[PDB]
């Protein structure tokens, strides 16, 4: 009797999809890099006085798992396209992810948020806020900056904001 939303987290290997997801669910930061194939996590939560069930699908960034990722992506109600602000290649691959989502959902637009992660690494940052916002605006999608490292920045907000975007549908 509650709406269920499948929230799919995509992006290049190592950008922090799992760290964001784990902060969201467990409120801890994982320091180890253990590559994901596919994991799903469920919680009941209340956003703006309205309860929902969230199934968060944490996908593989490693390109060897791309066939399986595409299949899991089909089921999505909304997407976080995550890059790392310390990894220029991950930012340049945002287009590939944008194209992919629209293809797998067979639509001209779809609920998604561009997520610029690892902003706590201010001395290693390579992609500017202006660059990120420009990329998001090109696709007419929201833009938000995050850090999964303690103390986390905008983690809960990002997932909640994706739900807000889905609720516009």
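Positions refer to the first chain, counted from 1.
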Once average C-alpha B-factors are taken from the entry for 140 to 148 and 98 to 106, the winner is 98 to 106
Should the higher mean CA B-factor in the entry be assigned to 14 to 22 or to 149 to 157? 149 to 157
Based on the PDB entry, the highest CA temperature factor among the options 56, 113, 37, 124 is that of 124
Sort the modelled residues of this chain by their C-alpha B factor and say whether residue 85 lands in the lowest, middle or highest third. middle
Sort the modelled residues of this chain by their C-alpha B factor and say whether residue 72 lands in the lowest, middle or highest third. highest
Chain-relative CA temperature factor third for residue 118: lowest
